[PDB]
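Input: a single structure, listed below in structure tokens.
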Amino acid sequence: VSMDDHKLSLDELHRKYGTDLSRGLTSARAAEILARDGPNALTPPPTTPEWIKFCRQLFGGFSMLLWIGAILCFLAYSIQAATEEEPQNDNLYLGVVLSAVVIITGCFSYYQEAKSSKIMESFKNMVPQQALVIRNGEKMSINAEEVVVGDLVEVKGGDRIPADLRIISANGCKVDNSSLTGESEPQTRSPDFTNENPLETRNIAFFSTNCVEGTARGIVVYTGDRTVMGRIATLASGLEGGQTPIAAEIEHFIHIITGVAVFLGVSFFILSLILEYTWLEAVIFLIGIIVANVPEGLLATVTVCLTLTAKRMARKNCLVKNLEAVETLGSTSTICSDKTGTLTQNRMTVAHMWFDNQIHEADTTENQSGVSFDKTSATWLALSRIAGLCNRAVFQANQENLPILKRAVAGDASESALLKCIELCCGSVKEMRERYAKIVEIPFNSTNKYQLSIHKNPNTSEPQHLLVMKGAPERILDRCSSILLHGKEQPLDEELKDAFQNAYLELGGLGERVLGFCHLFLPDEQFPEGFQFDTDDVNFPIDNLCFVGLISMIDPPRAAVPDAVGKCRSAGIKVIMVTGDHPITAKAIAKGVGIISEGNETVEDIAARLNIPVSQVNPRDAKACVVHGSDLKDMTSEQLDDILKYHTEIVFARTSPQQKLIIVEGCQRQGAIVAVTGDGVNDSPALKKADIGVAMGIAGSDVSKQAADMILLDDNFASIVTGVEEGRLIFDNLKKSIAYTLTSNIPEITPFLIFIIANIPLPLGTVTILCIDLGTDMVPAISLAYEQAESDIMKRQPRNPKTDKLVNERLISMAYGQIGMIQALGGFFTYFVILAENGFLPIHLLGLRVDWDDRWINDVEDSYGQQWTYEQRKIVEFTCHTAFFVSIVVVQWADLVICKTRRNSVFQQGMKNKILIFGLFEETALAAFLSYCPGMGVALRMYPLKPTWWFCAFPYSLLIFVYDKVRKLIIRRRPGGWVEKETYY
Amino acid sequence: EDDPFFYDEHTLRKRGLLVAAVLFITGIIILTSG
Amino acid sequence: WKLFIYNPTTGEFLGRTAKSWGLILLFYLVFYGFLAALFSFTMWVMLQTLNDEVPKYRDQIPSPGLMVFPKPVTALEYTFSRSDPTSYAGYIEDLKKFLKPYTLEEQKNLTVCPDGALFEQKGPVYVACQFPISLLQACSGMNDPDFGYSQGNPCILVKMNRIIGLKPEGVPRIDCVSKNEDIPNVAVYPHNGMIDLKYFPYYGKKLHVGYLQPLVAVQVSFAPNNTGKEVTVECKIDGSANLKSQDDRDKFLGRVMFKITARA
Ligand SMILES: CCCCCCCC/C=C/CCCCCCCC(=O)OC[C@H](COP(=O)(O)OCC[N+](C)(C)C)OC(=O)CCCCCCC/C=C/CCCCCCCC
Ligand SMILES: CCCCCCCC/C=C/CCCCCCCC(=O)OC[C@H](COP(=O)(O)OCC[N+](C)(C)C)OC(=O)CCCCCCC/C=C/CCCCCCCC
Ligand SMILES: CCCCCCCC/C=C\CCCCCCCC(=O)O[C@H](COC(=O)CCCCCCC/C=C/CCCCCCCC)COP(=O)(O)OCC[N+](C)(C)C
Ligand SMILES: Nc1ncnc2c1ncn2[C@@H]1O[C@H](COP(=O)(O)OP(=O)(O)CP(=O)(O)O)[C@@H](O)[C@H]1O
Ligand SMILES: CC(C)CCC[C@@H](C)[C@H]1CC[C@H]2[C@@H]3CC=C4C[C@@H](O)CC[C@]4(C)[C@H]3CC[C@]12C
Ligand SMILES: CC(C)CCC[C@@H](C)[C@H]1CC[C@H]2[C@@H]3CC=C4C[C@@H](O)CC[C@]4(C)[C@H]3CC[C@]12C
Ligand code: NA
Ligand code: NA
């Protein structure tokens with residue numbers, strides 16, 4: 001199905017749709033079509049039902065391994081019951097426990113993911129897609145839903161195309177059709193019909209695409225699923241296979257730990273089979289070892305962290321497309337920010353005017369008129385004419401009732417400020433543009449930095465060709481050969497240029513954007529009344545104009561910017577300002593917001609201070625630099641790296657969209673994670689190139705928001721600091737949880753090794769091995785994801801991805817060599833106490849394994865002479881197993897308490913985490929219940945502990961706390977020392 | 001006159017269950033703190 | 001792993017072997033030495049509280065369980081051949097080793113006590129009554145070096161496990177009944193089971209020096225007409241209310257079962 005209006009002529013368009021090509025349909029017609037044809041929204045496809053995701057949670061991660069373990073336990077119980085009489089129910093009560101644990105963990109993870117997904121979804125509909133449509137001859141910004149078939153819309157740079165529209169008048173318009181064609185090369189658009197194929201023609205846009213630059217009026221021809229995208233079943237929002245670094249680290253750790261655990265389990269299975277075990281017991285032992293040596297519930301901690309971050313970002317108005325991309329935001333080491341719209345409020349008020357070789361203070365003052373300055377000579381009239389003709393900004397529909405300053409303008413900030421000022425002094429810009437026929441207009445772009453227009457002169461002495469131009473004063477003055485003073489055209493000598501430079505220094509030095517203006521009367525001999533102007537041809541005299549003056553408008557820095565910049569520069573993040581404005585204005589703004597501090601001088605600043613030329617000054621004497629954009633063109637890759645690594649305070653002025661990409665790639669080459677804050681279409685590739693891209697929720701275009709990984713819904717620069725802090729907190733909590741989880745592996749594998757080596761009775765059994773792991777390592781480890789941020793979370797340098805990893809050689813060393821060893825010693829001490837208080841002294845246990853485990857030697861002798869039956873001494877052995885589990889609980893109290901923080905005191909951290917205290921209380925309650933519940937001896941072989949057998953692990957639980965406290969005190973006292981080098985994980 | 005070969009295991013497990021109940025109640029109360 | 005253990009450059013064998021490895025090895029040596037010292041001190045403090053003569057808790061070993069001697073190779077199953085002296089040599093050697101202290105010359109120091117009365121002791125002397133080996137008639141090595149083996153009448157000693165301070169009530173007795181339809185005759189030799197009360201209580205290995213516990217010798221008589229066969233015998237304590245012998249979880253508490261298989 002391929003039917004369109006691409007080959008249809010313009011004459012039938014008015015007849016077919018019943019809408020004017022210029023004025024368009026009225027509000028009543030738009031409402032009728034909307035009520036008839038419906039809204040402009042694709043039908044949301046239901047991807048997966050709720051039961052699909054719940055099963056994915058149930059059978060994801062180590063939960064499948066636990067399902068396998070439970071199934072094998074049930075099979076072992078079935079075989080045992082079928083073979084023997086009076087079978088043991090250990091396998092049944094173990095399989096039930098494993099299945100219940102899997103179900104509970106899956107339900108919890110599903111609930112957390114549902115919360116996170118709902119919170120993330122609540123932001124997709126928050127941002128309304130705004131489209132500019134000409135209705136009743138006036139342009140209005142409406143939602144994309146209300147766009148109907150028939151009306152004409154305006155598409156410009158960075159504006160997402162609302163619907164399938166037929167271009168009727170495009171200038172400089174290039175569209176990006178990577179969604180359909182696949183190539184990112186822009187394609188030009190012209191009203192004329194070129195290609196027969198509907199897709200290959202150049203006079204229609206096929207929706208879901210964007211215009212990189214230029215502007216185009218086009219009639220919307222299709223709406224909703226009737227467009228090309230709606231016909232095909234391909235998913236428009238196709239997620240790419242992008243893996244975040246934190247996810248890669250987690251996956252690598254999971255793979256390594258699973259391999260290690262499987263190796264240990266297989267080795268222990270073989271060793272137990274060598275020690276005359278039984279198959280139905282050896283397989284259960286292997287399952288216990290494998291399950292206890294893998295960190296199940298690690299993914300639940302990650303899910304809780306993501307949900308907490310999603311909750312926190314929602315209160316700061318920070319849309320995040322991928323919640324796992326906040327770790328990179330916390331790992332950010334460089335921030336490249338734009339001056340206008342990010343570090344400034346983007347509210348421009350005209351402040352000063354330089355003309356007639358004089359600076360005039362301009363104040364709006366809707367009432368009481370100007371302060372001291374007046375109409376002056378005809379130079380002001382010429383400047384007002386230039387500003388009126390050059391501007392393409394107009395007020396919104398039905399807005400000519402309120403005062404001009406409060407009125408809304410649908411143009412750029414500078415254009416809006418100029419329009420308001422010229423309507424305050426002069427008036428009726430609509431009639432002014434009616435007076436002068438704007439035959440030719442060159443759209444403004446950052447590549448040229450000037451705006452040009454051609455008008456027909458209606459004066460008595462009319463050359464019929466007036467060329468008006470505005471733009472950057474240094475670029476503008478480079479071509480305006482003459483100057484207009486006192487209304488008389490005069491040559492531009494060196495003195496006037498020096499005066500202009502002094503005026504630029506005075507106006508720009510206060511932190512104001514300055515625009516220079518020129519008008520030229522084209523000769524009639526070279527150009528008759530009828531001339532065919534073309535962009536490709538030179539035609540009009542682009543050079544040799546007449547200068548008039550400069551208009552300087554203020555733009556105060558945003559209120560929250562200075563504190564955010566201070567926090568970033570105190571946290572170790574280098575803030576670079578990349579702007580297209582003059583170095584004077586950029587440097588003044590940077591000093592205002594705190595990017596360039598007080599006491600740091602530029603090379604030019606040092607030269608001026610010492611009254612010496614710019615040369616002969618050693619560049620290393622200056623830690624702050626303001627690199628001009630034109631100088632960056634001739635810089636080398638090595639030369640740029642010297643700039644980016646020797647200067648703490650770097651500003652880039654008069655840059656271009658490509659040079660921002662060059663700066664970003666250089667910063668990324670210099671081993672830095674770059675966060676680029678861009679809003680316009682001139683930041684689209686830089687946002688994609690940066691490690692973390694930040695757009696603006698209001699000032700940002702519709703392409704910057706689509707290319708960025710984060711959106712500031714209130715444009716607040718004080719949200720980047722919050723994002724960085726939360727990114728650091730995620731990593732801290734994850735590594736704390738991993739460190740706590742890894743401590744319990746040694747106490748669960750050392751008893752079997754000591755059993756084999758010393759031939760003592762078994763200190764710990766499979767049921768107690770799985771009780772240590774499922775009781776103390778899941779809830780307390782999930783409770784560490786709720787831990788608050790440190791006191792100095794934002795006072796530490798950004799983590800080096802290579803030097804500092806999620807799991808390093810110092811986390812493994814600590815967990816497996818100090819805390820795990822202390823816990824194993826505590827468990828062994830409790831086991832020895834229990835066995836010695838019954839008769840078997842510690843030295844009598846060396847070599848008792850063979851006789852202790854023999855079912856037919858029912859006379860095993862004490863150290864006191866008594867003789868024990870097999871079924872009598874196994875009761876004592878299982879009491880020892882229970883005490884080992886209970887002492888691991890006690891020694892893991894003061895391991896969770898010390899993993900609660902990484903470098904600060906626990907007293908300073910506090911007790912805000914209610915989940916951690918809940919986990920401690922519930923694990924000790926579970927231990928007490930397992931020990932003292934009637935019927936546990938028959939079922940799980942758990943026997944009551946005497947009251948004094950609980951305090952055996954107390955001296956070893958205090959040792960962990962004291963050791964950690966002293967080592968963290970040493971770390972703070974001597975930063976960078978041996979302890980922090982080797983012990984700080 | 002005390003007698004060996006016998007321990008008051010009924011009272012021991014009764015008090016252990018009471019302590020487990022107290023710990024469970026306290027952990028629930030702390031979690032849902034108003 | 002390229003350049004995994006390369007010696008040149010500042011980085012040799014991952015961490016610097018000259019300094020980093022030495023420092024970390026010293027740190028872990030000191031750490032584990034302190035941990036071992038703390039564990040040893042804690043164990044010493046625990047062992048100081050205990051008594052060297054009687055265990056702190058005796059509630060996990062409340063009642064004795066019988067056990068047969070010698071211990072066979074495979075699970076209380078005595079297999080021997082009359083014409084093969086190497087089959088029952090282990091049983092004979094074990095019985096001779098066990099019954100060496102019970103010989104008359106070995107127990108000449110032990111005192112003689114009246115029968116039927118519980119021998120309670122208070123003073124630190126803690127004498128031990130002597131158990132004459134003549135009670136186990138025809139099941140001792142004094143008459144024939146083989147303890148009834150090589151004639152088809154093997155002798156097995158059934159002895160009660162020792163518990164410190166246990167005072168049995170009534171008159172204990174071990175009665176062995178053949179579960180093989182009583183085709184052979186099981187003869188508990190000290191008349192009945194007849195476990196005399198003068199050998200109780202037991203006061204510990206340290207206090208009670210030279211203590212010899214009562215023994216019961218059973219002699220399954222394999223008749224010449226039926227050569228071979230398998231005889232299942234169960235001996236339990238029957239006369240004392242103190243000594244429980246009806247627990248189902250523990251199949252050796254107060255009772256014992258065994259099988260004798262003859263050949264040729
Ligand atoms: C910052 C420090 C980090 C480093 C920590 C290092 C470790 C040292 C810290 C210790 C603080 C926690 C202490 C926990 C004590 C164990 C708790 C427990 O699980 O002990 C269970 C046992 C069971 O013995 P049983 O009953 O079977 O013996 C009765 C038999 N009879 C008659 C024969 C003798 O009990 C006992 O041994 C003790 C007897 C008392 C048990 C009841 C009291 C416990 C209940 C507390 C809840 C109170 C509410 C608290 C709310 C505010 C919290 C801030
Ligand atoms: C986690 C991996 C390692 C796991 C280790 C498992 C535990 C160690 C296992 C040991 C097996 C043998 C233990 C028994 C040794 C003989 C004990 C002994 O004969 O006790 C006697 C002495 C003194 O008694 P007394 O005369 O005062 O009693 C008189 C009082 N009355 C009369 C009342 C009794 O008691 C004493 O000295 C104190 C007892 C000495 C115990 C030494 C334990 C050494 C363990 C070191 C582990 C440290 C970390 C190791 C790292 C390994 C990887 C590199
Ligand atoms: C501060 C840092 C720098 C210093 C650190 C080093 C000092 C602290 C370390 C160890 C000292 C405390 C442990 C002393 C135990 C004496 C037990 C004894 O001596 O038992 C002796 C015999 O053992 C044994 O048969 C068992 C031997 C194996 C078990 C004990 C092993 C002890 C080895 C421990 C080294 C562990 C090292 C771990 C870390 C490795 C890196 C350093 C004496 O028994 P007996 O002849 O009376 O038995 C008579 C028996 N019947 C009465 C039946 C005739
Ligand atoms: N409507 C307009 N017509 C002509 N020139 C304009 C203009 N708006 C701005 N300019 C000038 O063009 C120059 C190029 O600025 P550009 O548009 O590339 O960056 P920018 O200032 O708009 C955003 P930022 O300041 O955050 O980098 C500016 O110095 C400005 O003075
Ligand atoms: C005695 C048996 C049963 C268990 C003893 C385990 C001990 C010897 C093992 C387990 C964990 C191990 C540590 C794990 C990790 C590292 C980090 C590495 O950079 C140096 C070695 C070091 C520090 C290991 C030393 C040896 C170690 C402490
Ligand atoms: C380093 C410092 C803290 C060590 C000093 C504490 C030592 C001496 C304390 C702490 C824990 C104590 C033990 C706790 C429990 C028991 C079980 C009980 O039935 C007999 C006493 C015994 C065995 C205690 C002996 C003394 C003990 C080992
Ligand atoms: Na685990
Ligand atoms: Na574990």
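Naming works like this for the structure tokens: A, B, ... for the chains as they're shown, residue 1 at the start of each chain, ligands 1 onward in shown order.
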
Given 6 Å and only C-alpha atoms and all ligand atoms, residues near ligand 2 as an MDAnalysis selection string: (chainID A and resid 750 821 824:825 828 842:843) or (chainID C and resid 32 35:36 40:41 43:44 47:48 50:52)

Surrounding residues as a PyMOL selection string, ligand 1, max 9 Å, only C-alpha atoms and all ligand atoms: (chain A and resi 890-891+893-895+897-898+906-907+917+921+924-925+927-928+932+944-951+953-962) or (chain B and resi 8-9+11-20+22-23+25-27+30)

Contacts of residue 699 of chain A at 8 Å (only C-alpha atoms; same-chain gap of 3+ positions) as a PyMOL selection string: chain A and resi 341+679-680+696+715

Counting only C-alpha atoms, chain C residues within 10 Å of chain A, as an MDAnalysis selection string: chainID C and resid 20 23:24 28 31:32 35:36 38:40 42:43 46:47 49:68 71:72 74:76 159:164 202:208 249:254 256

Limited to C-alpha atoms, could you put the picked residues into a file as a PDB file, in the first residue's frame?
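Result went into again32.pdb, see below:
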ATOM      1  CA  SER C  20      54.427  -5.201  48.058  1.00  0.00           C
ATOM      2  CA  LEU C  23      54.660  -6.228  53.173  1.00  0.00           C
ATOM      3  CA  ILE C  24      51.366  -8.032  52.550  1.00  0.00           C
ATOM      4  CA  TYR C  28      48.854 -11.441  57.030  1.00  0.00           C
ATOM      5  CA  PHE C  31      47.097 -10.826  61.527  1.00  0.00           C
ATOM      6  CA  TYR C  32      46.784 -14.614  61.622  1.00  0.00           C
ATOM      7  CA  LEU C  35      43.946 -14.431  65.543  1.00  0.00           C
ATOM      8  CA  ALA C  36      45.528 -17.749  66.553  1.00  0.00           C
ATOM      9  CA  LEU C  38      43.206 -14.941  70.611  1.00  0.00           C
ATOM     10  CA  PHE C  39      41.599 -18.280  69.719  1.00  0.00           C
ATOM     11  CA  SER C  40      44.094 -20.153  71.905  1.00  0.00           C
ATOM     12  CA  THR C  42      39.733 -18.134  74.509  1.00  0.00           C
ATOM     13  CA  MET C  43      40.005 -21.933  74.368  1.00  0.00           C
ATOM     14  CA  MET C  46      36.959 -22.161  78.321  1.00  0.00           C
ATOM     15  CA  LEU C  47      38.965 -25.211  79.424  1.00  0.00           C
ATOM     16  CA  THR C  49      36.044 -23.574  83.703  1.00  0.00           C
ATOM     17  CA  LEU C  50      35.576 -27.295  83.037  1.00  0.00           C
ATOM     18  CA  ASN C  51      36.225 -29.988  85.628  1.00  0.00           C
ATOM     19  CA  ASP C  52      38.797 -32.716  85.035  1.00  0.00           C
ATOM     20  CA  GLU C  53      36.816 -35.563  86.646  1.00  0.00           C
ATOM     21  CA  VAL C  54      33.126 -35.298  85.664  1.00  0.00           C
ATOM     22  CA  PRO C  55      31.534 -33.747  82.545  1.00  0.00           C
ATOM     23  CA  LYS C  56      29.516 -30.569  82.894  1.00  0.00           C
ATOM     24  CA  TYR C  57      26.430 -32.015  81.166  1.00  0.00           C
ATOM     25  CA  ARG C  58      25.301 -35.646  81.293  1.00  0.00           C
ATOM     26  CA  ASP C  59      21.743 -35.078  80.033  1.00  0.00           C
ATOM     27  CA  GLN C  60      22.577 -36.126  76.459  1.00  0.00           C
ATOM     28  CA  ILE C  61      23.735 -39.578  77.644  1.00  0.00           C
ATOM     29  CA  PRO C  62      20.956 -40.564  80.077  1.00  0.00           C
ATOM     30  CA  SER C  63      20.798 -44.334  79.567  1.00  0.00           C
ATOM     31  CA  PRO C  64      23.316 -46.979  78.486  1.00  0.00           C
ATOM     32  CA  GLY C  65      23.288 -48.898  75.249  1.00  0.00           C
ATOM     33  CA  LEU C  66      24.561 -52.412  74.801  1.00  0.00           C
ATOM     34  CA  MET C  67      27.455 -53.223  72.488  1.00  0.00           C
ATOM     35  CA  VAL C  68      28.964 -56.535  71.393  1.00  0.00           C
ATOM     36  CA  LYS C  71      33.568 -55.653  66.327  1.00  0.00           C
ATOM     37  CA  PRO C  72      33.205 -57.592  63.042  1.00  0.00           C
ATOM     38  CA  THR C  74      30.944 -55.602  58.229  1.00  0.00           C
ATOM     39  CA  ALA C  75      28.223 -54.317  60.543  1.00  0.00           C
ATOM     40  CA  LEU C  76      27.978 -56.744  63.471  1.00  0.00           C
ATOM     41  CA  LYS C 159      28.714 -55.171  77.584  1.00  0.00           C
ATOM     42  CA  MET C 160      26.754 -52.129  78.738  1.00  0.00           C
ATOM     43  CA  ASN C 161      28.080 -48.665  77.928  1.00  0.00           C
ATOM     44  CA  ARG C 162      29.564 -46.760  80.863  1.00  0.00           C
ATOM     45  CA  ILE C 163      27.960 -43.604  82.260  1.00  0.00           C
ATOM     46  CA  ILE C 164      29.478 -41.643  85.140  1.00  0.00           C
ATOM     47  CA  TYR C 202      30.994 -45.428  87.627  1.00  0.00           C
ATOM     48  CA  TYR C 203      32.998 -42.480  88.943  1.00  0.00           C
ATOM     49  CA  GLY C 204      35.036 -41.546  85.877  1.00  0.00           C
ATOM     50  CA  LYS C 205      38.260 -42.548  84.176  1.00  0.00           C
ATOM     51  CA  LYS C 206      40.381 -40.380  86.479  1.00  0.00           C
ATOM     52  CA  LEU C 207      38.781 -41.133  89.851  1.00  0.00           C
ATOM     53  CA  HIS C 208      37.914 -44.801  89.233  1.00  0.00           C
ATOM     54  CA  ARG C 249      14.990 -43.736  67.179  1.00  0.00           C
ATOM     55  CA  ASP C 250      18.042 -45.346  68.825  1.00  0.00           C
ATOM     56  CA  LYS C 251      18.216 -49.050  67.957  1.00  0.00           C
ATOM     57  CA  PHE C 252      21.206 -49.622  70.270  1.00  0.00           C
ATOM     58  CA  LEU C 253      19.867 -47.873  73.394  1.00  0.00           C
ATOM     59  CA  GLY C 254      19.367 -50.612  75.968  1.00  0.00           C
ATOM     60  CA  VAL C 256      21.760 -54.771  70.584  1.00  0.00           C
TER      61      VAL C 256
END

Surroundings of ligand 5 up to 6 Å, based on only C-alpha atoms and all ligand atoms, as JSON, numbers by chain: {"A": [750, 753, 754, 809, 812, 813, 816, 817]}

Write the residues you've just listed into a file as a PDB file, in the first residue's frame, and include C-alpha atoms for each of them.
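So selection.pdb came out as:
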ATOM      1  CA  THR A 750      36.242 -24.124  56.278  1.00  0.00           C
ATOM      2  CA  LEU A 753      38.187 -28.681  55.026  1.00  0.00           C
ATOM      3  CA  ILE A 754      39.062 -28.908  58.726  1.00  0.00           C
ATOM      4  CA  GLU A 809      41.744  -7.256  44.902  1.00  0.00           C
ATOM      5  CA  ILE A 812      38.226 -10.036  48.005  1.00  0.00           C
ATOM      6  CA  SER A 813      41.254  -9.909  50.305  1.00  0.00           C
ATOM      7  CA  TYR A 816      37.946 -13.805  52.378  1.00  0.00           C
ATOM      8  CA  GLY A 817      40.915 -13.231  54.666  1.00  0.00           C
TER       9      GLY A 817
END

Close residues to ligand 8 using only C-alpha atoms and all ligand atoms, limit 8 Å, as a PyMOL selection string: chain A and resi 292-295+741-745+748+772-773+777
